[PDB]
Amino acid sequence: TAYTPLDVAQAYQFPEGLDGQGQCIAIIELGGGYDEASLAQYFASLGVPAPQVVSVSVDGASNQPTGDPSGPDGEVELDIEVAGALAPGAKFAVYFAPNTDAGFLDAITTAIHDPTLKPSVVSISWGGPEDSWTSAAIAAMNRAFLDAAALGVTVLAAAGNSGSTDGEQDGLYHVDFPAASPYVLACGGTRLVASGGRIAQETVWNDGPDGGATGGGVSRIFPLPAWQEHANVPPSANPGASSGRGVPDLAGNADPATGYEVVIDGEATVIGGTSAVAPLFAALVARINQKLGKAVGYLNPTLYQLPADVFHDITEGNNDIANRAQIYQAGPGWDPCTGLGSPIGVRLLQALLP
């Protein structure tokens, strides 16, 4: 199975008649590049306008396609194609920076404060284990996300593509950063079976140690935020582990088995990962912003107080690819695999109306 981003948009009942006009979405990139022409042929294929796309150099980096679909280029054009196909009225701003703690931070700080392009949304599909960041990088990134909240900018981050261990091989469970920041909308991954615009099945993305799985779990760095106190977040599964920020907040189709029809470095292919879900929801927020005539900005506190039927609950599966422990497991309501679940577009919009 495969979908266009349009197909996934329909299954999650994105509100129609909104193309993100008047919004600018920033996408953070730490490598590779796009060709603003291959993007144009791709969008044309979907029958949707090619949106405007501008690149921004950060810390000496720039838009440099490496030619390898398996490399950074894959993330870059996945991010622009999925969000661009769903919010084609919006302006895209692609900030390139070196793949390190400091250029990642500098990229994020730049997009957020950018007085020229002024994005109202920031989609992020890069990260690493929260315990692998420097302390000063941690704090700086959180100050930046704090700034985003003050400026009414929604920051979305992919929760990770390597299950509850997050690519770590030390035998412990770990959460990815920046998805672990409380100030980011952490995006989890599911397997979606949909048709006729109805969700037939939706479960945790888990394709074992070889096919990847959605990240998710409990932070051992950030404490359980005030607004997550009623979402029955467990302690981290690691021995001795306290209460922390539960990851993620929402989730969407991520399973390459049921992935995204994309065009990467001129080749037609089907991709997955939570890498796709932040751009997907970045387009949804932009449609909502256009509808409300105002930027919704930091959403985390509102989402966990909204009625449950705003979301499609995932209840089945786990994101454990390290062992047979099923840590963590999906369940009723919030869980450390899919958070609140997949958002239902028209209902989210409705719930935020004045």
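One rule holds for the numbers: they count along the sequence shown, beginning at 1.
333-341 and 9-17 differ in mean CA B-factor, and the higher of the two is recorded for 9-17. Taking only CA atoms, the mean B-factor in the PDB entry is higher for 97-105 than for the other of 97-105 and 78-86. Within the selection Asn232, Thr214, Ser219, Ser275, the deposited Cα B-factor values reach their highest point at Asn232.
Residues shown: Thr302, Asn289, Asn63, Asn319. Highest C-alpha temperature factor in the entry: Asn63. Among the modelled residues of its chain, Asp207 has a C-alpha B-factor that falls in the middle third according to the deposited record.
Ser55 sits in the lowest third of its chain by CA B factor, as recorded in the PDB entry. Annotation for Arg198: CA B-factor lies in the highest third of the chain's modelled residues.
Ranked against the other modelled residues of its chain, the C-alpha B-factor of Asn253 as given in the entry falls in the lowest third. In this PDB entry, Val285 carries a Cα temperature factor that places it within the lowest third of its chain's modelled residues.
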